[PDB]
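Chemist: Before we start, here is the structure in question, set down as C-alpha cells.
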Amino acid sequence: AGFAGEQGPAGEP
Amino acid sequence: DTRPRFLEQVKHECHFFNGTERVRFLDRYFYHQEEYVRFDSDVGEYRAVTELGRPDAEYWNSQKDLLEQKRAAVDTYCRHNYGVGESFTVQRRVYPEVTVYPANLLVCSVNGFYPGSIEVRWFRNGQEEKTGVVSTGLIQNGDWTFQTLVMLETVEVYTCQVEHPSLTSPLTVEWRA
Amino acid sequence: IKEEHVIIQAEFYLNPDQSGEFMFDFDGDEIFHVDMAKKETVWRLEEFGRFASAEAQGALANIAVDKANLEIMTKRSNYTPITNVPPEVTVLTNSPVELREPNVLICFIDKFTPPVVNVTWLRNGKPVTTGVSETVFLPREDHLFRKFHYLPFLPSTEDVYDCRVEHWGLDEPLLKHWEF
Ligand SMILES: *[C@@H]1O[C@H](CO)[C@@H](O)[C@H](O)[C@H]1NC(C)=O
Ligand SMILES: *[C@@H]1O[C@H](CO)[C@@H](O)[C@H](O)[C@H]1NC(C)=O
C-alpha cells in the first residue's frame with residue numbers, strides 16, 4: 001500500500 | 001553568512017475526528033511563518049490570509065479543475081492515507097517502562113511508551129496524592145516514543161500507578177521508605 | 001472537543017541555501033522524509049517501509065513548484081527576509097541513568113527558524129562524528145521548527161558532554177551540558 005502525496009498549483013507572478 | 005533568507009512552507013493537513021467519520025483538509029501556504037493563503041475543506045475554496053495571497057486566491061479559485069481536486073482531497077488524500085498508515089500509527093502501542101527512585105522528591109520515570117496519552121498517579125499508603133506533584137508533562141523523544149517524570153514531594157509505601165492504552169491493567173511500582 | 005489525529009505533508013524551500021524538505025508527520029512524529037540528495041524515501045522507523053511505500057519522484061516535483069512559488073512570493077513581499085528566531089536547546093537521556101548501563105543522550109533543538117543549524121556532540125570537548133544520528137527539521141504548529149540529535153553512550157563519572165548548536169539567530173555557539 002502506497003501513501004499518496006498531495007500536489008500543489010503554481011502561483012501567480 | 002549574513003545574507004538574507006527566504007522560506008516557502010506548504011502544509012497539506014488532514015484532521016481526523018471519530019476515526020475517519022469527520023475529516024478536515026487544509027492546504028496552507030506560508031512565506032517565512034506567514035500563512036498567506038489556504039484551502040479549507042469546510043470553506044470549499046481558497047481564501048487569502050495575510051493578503052500577499054490575493055493573486056493566488058483568485059488565480060487558483062478560477063481553475064475549477066483544481067477545486068474539484070481539492071474538494072475531493074478529504075477522500076482521495078486524507079481518508080486514503082489514514083487507511084495506508086492506520087495499522088502502524090493510529091494502532092501503534094508500545095508499553096511504558098516505569099522506574100521509581102529518590103532524586104525529598106520521589107521520581108516516577110515513565111519511559112518508551114506510545115501513544116502520548118497516559119495517566120501517572122502517586123499513592124501514599126494506598127491514597128492518591130493530589131498535591132506536591134512536580135511533573136515534566138509529556139516529552140516527545142522524536143523516535144515514536146514518549147517519556148514523563150512525575151515527582152512526589154515526600155517527607156510507609158509509595159506507589160506510582162501508570163494507565164496507558166497499551167496496558168490491560170494498571171502498571172504499579174512501589175517504593176517502601 | 002478536538003481531533004483524534006493529524007497527518008501533515010510539510011514541505012519547505014529555503015533560498016539562497018537551495019534546501020528542500022518533504023516529510024509526513026503523524027501527531028508530531030515523522031513517518032518519512034525524501035532525501036533530496038539520494039532522491040529516496042527515508043522511513044523514520046525501518047518497519048514503516050515494510051508496511052507502506054511512497055514514490056520519492058512526486059516529492060521532488062512538489063519541491064520544484066515550492067521553489068518557483070518561493071521566488072514569486074519573495075518578489076510579491078518586496079524581498080522581506082525572514083527574522084532569525086534562535087532555538088531553545090535541552091539535553092535529556094532516553095531513560096534513567098545508571099553507571100556502565102547503555103543509554104542515549106537527546107539534544108532537543110526547538111522553536112527556531114530558519115531551518116538551518118550546525119549541531120556537534122562533544123565528549124570531553126571533542127566532536128563525536130560516528131554512531132550519532134539526527135532528524136530532519138520537524139514542523140511546529142507556530143510554523144517554526146524543531147529537531148533532535150541522538151548520542152548512544154555508556155554513562156561514566158569521568159566523561160562530560162555538550163550539545164553544541166550554531167544558528168544565525170544566536171550571537172555565539174550555544175553549548176548545552178550533561179554530566180553524571
Ligand atoms: C521596496 O523596498 C524598497 C527599499 O527597502 C523601497 O524603497 C520600495 O519603495 C519598496 N516598494 C514596494 C512597492 O514594495
Ligand atoms: C554551518 O557550517 C558551515 C561551515 O562548515 C557554514 O557555512 C554555515 O554558515 C554554518 N551555518 C550556520 C547556521 O551556522
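How things are named: the first chain in the C-alpha cells is A, the next is B, and so on; residues count from 1 in each chain; ligands count from 1 in the order shown.
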Could you give me the residues within 10 Å of ligand 1, counting only C-alpha atoms and all ligand atoms, as a ChimeraX atom specification?
Modeler: /C:75-80
Chemist: Residues of the last selection are to be written out with C-alpha atoms, as a JSON list (two decimals), in the first residue's frame.
Modeler:
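Generated file (out-v4.json):
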[["chain", "number", "residue", "atom", "x", "y", "z"],
["C", 75, "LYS", "CA", 9.14, 39.43, -5.15],
["C", 76, "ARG", "CA", 5.48, 39.86, -4.01],
["C", 77, "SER", "CA", 6.90, 40.65, -0.45],
["C", 78, "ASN", "CA", 9.45, 43.25, -1.81],
["C", 79, "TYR", "CA", 12.23, 40.89, -0.51],
["C", 80, "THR", "CA", 11.05, 40.83, 3.15]]
Chemist: Quick one: everything within 12 Å of residue 66 in chain B, counting only C-alpha atoms, minus sequence neighbours fewer than 3 positions away in the same chain. Send it as a list in words.
Modeler: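 Within the cut-off, the hits are residues 6, 7, 8, 9 and 10 of chain A; 39, 44, 45, 46, 57, 59, 60, 61, 62, 63, 69, 70, 71, 72 and 73 of chain B.
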Chemist: Output as a list in words the set of chain A residues within 6 Å of chain B, with distances taken over only C-alpha atoms.
Modeler: residues 3, 11 and 12 of chain A
Chemist: Compute the chain C side of the contact with chain A at 12 Å, counting only C-alpha atoms, and hand it back as a PyMOL selection string.
Modeler: chain C and resi 7-11+22-24+31-34+41+48-77
Chemist: Within 9 Å of ligand 2, counting only C-alpha atoms and all ligand atoms: which residues, as a list in words?
Modeler: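 Taking only C-alpha atoms and all ligand atoms into account, the residues around ligand 2 at most 9 Å away are residues 1 and 2 of chain B; 114, 115, 116, 117, 118, 119, 165, 166, 167, 168, 169, 170 and 173 of chain C.
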Chemist: Could you give me, as a ChimeraX atom specification, each residue of range 61-154 of chain B that DSSP assigns to strand (DSSP E or B) when run on this structure's backbone?
Modeler: /B:94,97-102,105-114,119-124,127-128,133-135,139-140,146-153
Chemist: Dump N, CA and C atoms for the selected residues as an mmCIF file, in the first residue's frame?
Modeler:
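File out_0.cif, as written:
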data_model
loop_
_atom_site.group_PDB
_atom_site.id
_atom_site.type_symbol
_atom_site.label_atom_id
_atom_site.label_comp_id
_atom_site.auth_asym_id
_atom_site.auth_seq_id
_atom_site.Cartn_x
_atom_site.Cartn_y
_atom_site.Cartn_z
ATOM 1 N N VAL B 94 3.085 0.825 22.311
ATOM 2 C CA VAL B 94 4.375 0.441 22.935
ATOM 3 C C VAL B 94 4.242 0.721 24.430
ATOM 4 N N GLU B 97 7.871 1.717 30.305
ATOM 5 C CA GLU B 97 8.747 1.175 31.380
ATOM 6 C C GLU B 97 8.734 2.170 32.540
ATOM 7 N N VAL B 98 8.624 1.688 33.772
ATOM 8 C CA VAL B 98 8.432 2.571 34.959
ATOM 9 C C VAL B 98 9.568 2.303 35.944
ATOM 10 N N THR B 99 10.220 3.372 36.405
ATOM 11 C CA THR B 99 11.327 3.332 37.387
ATOM 12 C C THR B 99 11.050 4.362 38.462
ATOM 13 N N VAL B 100 11.137 3.932 39.715
ATOM 14 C CA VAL B 100 10.970 4.861 40.846
ATOM 15 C C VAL B 100 12.303 4.954 41.583
ATOM 16 N N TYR B 101 12.718 6.165 41.916
ATOM 17 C CA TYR B 101 13.928 6.422 42.726
ATOM 18 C C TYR B 101 13.802 7.791 43.390
ATOM 19 N N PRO B 102 14.388 7.949 44.590
ATOM 20 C CA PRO B 102 14.557 9.274 45.208
ATOM 21 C C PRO B 102 15.504 10.153 44.379
ATOM 22 N N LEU B 105 12.259 14.464 46.806
ATOM 23 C CA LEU B 105 11.392 14.235 45.632
ATOM 24 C C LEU B 105 11.521 12.763 45.280
ATOM 25 N N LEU B 106 10.405 12.052 45.221
ATOM 26 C CA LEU B 106 10.379 10.659 44.757
ATOM 27 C C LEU B 106 9.989 10.672 43.291
ATOM 28 N N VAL B 107 10.887 10.175 42.447
ATOM 29 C CA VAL B 107 10.720 10.291 40.980
ATOM 30 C C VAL B 107 10.018 9.047 40.445
ATOM 31 N N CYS B 108 8.920 9.220 39.710
ATOM 32 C CA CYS B 108 8.373 8.153 38.862
ATOM 33 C C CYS B 108 8.750 8.493 37.414
ATOM 34 N N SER B 109 9.742 7.798 36.889
ATOM 35 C CA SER B 109 10.243 7.928 35.498
ATOM 36 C C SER B 109 9.523 6.927 34.608
ATOM 37 N N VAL B 110 8.728 7.429 33.676
ATOM 38 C CA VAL B 110 7.890 6.603 32.761
ATOM 39 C C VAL B 110 8.423 6.802 31.338
ATOM 40 N N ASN B 111 8.887 5.731 30.708
ATOM 41 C CA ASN B 111 9.780 5.812 29.518
ATOM 42 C C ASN B 111 9.337 4.851 28.407
ATOM 43 N N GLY B 112 9.488 5.300 27.152
ATOM 44 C CA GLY B 112 9.497 4.487 25.922
ATOM 45 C C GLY B 112 8.103 4.138 25.441
ATOM 46 N N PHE B 113 7.070 4.855 25.866
ATOM 47 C CA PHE B 113 5.665 4.498 25.560
ATOM 48 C C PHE B 113 5.156 5.252 24.318
ATOM 49 N N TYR B 114 4.143 4.653 23.703
ATOM 50 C CA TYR B 114 3.398 5.192 22.549
ATOM 51 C C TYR B 114 1.991 4.604 22.625
ATOM 52 N N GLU B 119 -1.804 8.329 32.128
ATOM 53 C CA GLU B 119 -2.124 8.895 33.460
ATOM 54 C C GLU B 119 -1.144 8.275 34.449
ATOM 55 N N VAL B 120 -0.443 9.147 35.155
ATOM 56 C CA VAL B 120 0.574 8.760 36.164
ATOM 57 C C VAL B 120 0.116 9.326 37.503
ATOM 58 N N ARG B 121 -0.128 8.430 38.453
ATOM 59 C CA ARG B 121 -0.713 8.752 39.766
ATOM 60 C C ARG B 121 0.237 8.262 40.859
ATOM 61 N N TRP B 122 0.399 9.094 41.894
ATOM 62 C CA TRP B 122 1.160 8.763 43.115
ATOM 63 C C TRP B 122 0.171 8.432 44.240
ATOM 64 N N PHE B 123 0.485 7.374 44.970
ATOM 65 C CA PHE B 123 -0.238 6.902 46.170
ATOM 66 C C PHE B 123 0.733 6.902 47.354
ATOM 67 N N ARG B 124 0.269 7.402 48.488
ATOM 68 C CA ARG B 124 0.991 7.237 49.765
ATOM 69 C C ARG B 124 0.091 6.385 50.652
ATOM 70 N N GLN B 127 -3.392 5.820 49.268
ATOM 71 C CA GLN B 127 -4.238 7.004 48.993
ATOM 72 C C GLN B 127 -3.581 7.920 47.965
ATOM 73 N N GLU B 128 -4.354 8.359 46.974
ATOM 74 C CA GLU B 128 -3.814 9.174 45.877
ATOM 75 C C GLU B 128 -3.363 10.532 46.438
ATOM 76 N N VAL B 133 2.880 17.284 43.620
ATOM 77 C CA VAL B 133 3.319 16.529 42.418
ATOM 78 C C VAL B 133 3.916 17.499 41.384
ATOM 79 N N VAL B 134 5.184 17.292 41.069
ATOM 80 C CA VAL B 134 6.004 18.126 40.156
ATOM 81 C C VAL B 134 6.214 17.290 38.904
ATOM 82 N N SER B 135 5.568 17.689 37.809
ATOM 83 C CA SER B 135 5.575 16.891 36.553
ATOM 84 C C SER B 135 6.270 17.644 35.424
ATOM 85 N N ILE B 139 6.918 14.376 27.234
ATOM 86 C CA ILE B 139 8.145 14.705 26.458
ATOM 87 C C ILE B 139 8.161 13.786 25.229
ATOM 88 N N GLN B 140 8.164 14.370 24.028
ATOM 89 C CA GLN B 140 8.305 13.617 22.745
ATOM 90 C C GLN B 140 9.794 13.311 22.524
ATOM 91 N N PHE B 146 7.654 8.374 23.915
ATOM 92 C CA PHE B 146 7.491 9.496 24.871
ATOM 93 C C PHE B 146 8.115 9.104 26.208
ATOM 94 N N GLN B 147 8.360 10.117 27.020
ATOM 95 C CA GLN B 147 8.674 9.926 28.449
ATOM 96 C C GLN B 147 7.967 11.011 29.253
ATOM 97 N N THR B 148 7.849 10.766 30.557
ATOM 98 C CA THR B 148 7.411 11.774 31.533
ATOM 99 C C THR B 148 8.027 11.411 32.892
ATOM 100 N N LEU B 149 8.437 12.419 33.634
ATOM 101 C CA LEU B 149 8.964 12.291 35.003
ATOM 102 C C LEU B 149 7.969 13.021 35.906
ATOM 103 N N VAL B 150 7.409 12.248 36.822
ATOM 104 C CA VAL B 150 6.356 12.718 37.754
ATOM 105 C C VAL B 150 6.875 12.485 39.170
ATOM 106 N N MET B 151 7.179 13.583 39.845
ATOM 107 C CA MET B 151 7.955 13.594 41.095
ATOM 108 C C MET B 151 7.005 13.979 42.217
ATOM 109 N N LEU B 152 7.066 13.251 43.320
ATOM 110 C CA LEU B 152 6.225 13.490 44.510
ATOM 111 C C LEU B 152 7.073 14.114 45.619
ATOM 112 N N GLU B 153 6.677 15.258 46.162
ATOM 113 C CA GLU B 153 7.315 15.854 47.377
ATOM 114 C C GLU B 153 6.959 14.906 48.532
#
Chemist: Point out the residue among B:32, B:92, B:24, B:79 with the least atom-to-atom distance to chain C, counting only C-alpha atoms.
Modeler: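 Using only C-alpha atoms, chain C sits closest to B:32.
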Chemist: How far is it from CA of residue 21 in chain B to CA of residue 168 in chain B, in Å with one decimal?
Modeler: 27.0 Å
Chemist: I'd like the interatomic distance between CA of residue 175 in chain B and CA of residue 104 in chain B, to a tenth of an Å.
Modeler: 13.0 Å
Chemist: Which of chain B counts as alpha helix (DSSP H) under DSSP, as a ChimeraX atom specification please?
Modeler: /B:54-61,64-71,73,80-85
Chemist: List the spatial neighbours of range 130-145 of chain C as a count of residues only - criterion: any atom at most 7 Å away, only C-alpha atoms, same-chain residues fewer than 3 positions off excluded.
Modeler: 12
Chemist: Skip range 87-99 of chain C itself and residues of its chain fewer than 3 positions away, then list as JSON, numbers by chain all residues within 6 Å of it, counting only C-alpha atoms.
Modeler: {"C": [104, 105, 106, 107, 108, 109, 110, 111, 112, 155, 156]}
Chemist: Please, could you write that set of residues out with C-alpha atoms as an mmCIF file, in the first residue's frame?
Modeler:
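Below is the file out-v9.cif, written as the result:
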data_model
loop_
_atom_site.group_PDB
_atom_site.id
_atom_site.type_symbol
_atom_site.label_atom_id
_atom_site.label_comp_id
_atom_site.auth_asym_id
_atom_site.auth_seq_id
_atom_site.Cartn_x
_atom_site.Cartn_y
_atom_site.Cartn_z
ATOM 1 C CA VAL C 104 21.046 7.727 24.812
ATOM 2 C CA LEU C 105 21.561 11.498 25.105
ATOM 3 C CA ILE C 106 18.893 13.506 23.235
ATOM 4 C CA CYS C 107 19.646 17.069 22.151
ATOM 5 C CA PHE C 108 16.248 18.765 21.539
ATOM 6 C CA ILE C 109 16.527 21.947 19.414
ATOM 7 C CA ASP C 110 13.182 23.769 19.437
ATOM 8 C CA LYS C 111 11.203 26.898 18.359
ATOM 9 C CA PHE C 112 13.682 28.181 15.711
ATOM 10 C CA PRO C 155 27.374 6.568 31.488
ATOM 11 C CA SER C 156 30.632 7.225 33.433
#
Chemist: Determine, counting only C-alpha atoms, which protein, DNA and RNA residues have an atom within 12 Å of an atom of residue 1 in chain C; residues of the same chain fewer than 3 positions away are not included. Present the result as a list in words.
Modeler: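 My list of contacting residues is residues 17 and 18 of chain B; 4 of chain C.
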Chemist: With C-alpha atoms kept, could you save the residues just selected as a PDB file, in the first residue's frame?
Modeler:
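Output file again_25.pdb follows:
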ATOM      1  CA  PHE B  17     -12.418  13.196  14.151  1.00  0.00           C
ATOM      2  CA  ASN B  18     -14.104   9.885  15.329  1.00  0.00           C
TER       3      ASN B  18
ATOM      4  CA  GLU C   4      -8.069  12.137  17.448  1.00  0.00           C
TER       5      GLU C   4
END
Chemist: Kindly give the distance, in Å, that separates CA of residue 157 in chain C and CA of residue 100 in chain C, rounded to a single decimal.
Modeler: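 Atom-to-atom, CA of residue 157 in chain C and CA of residue 100 in chain C are spaced 9.6 Å apart.
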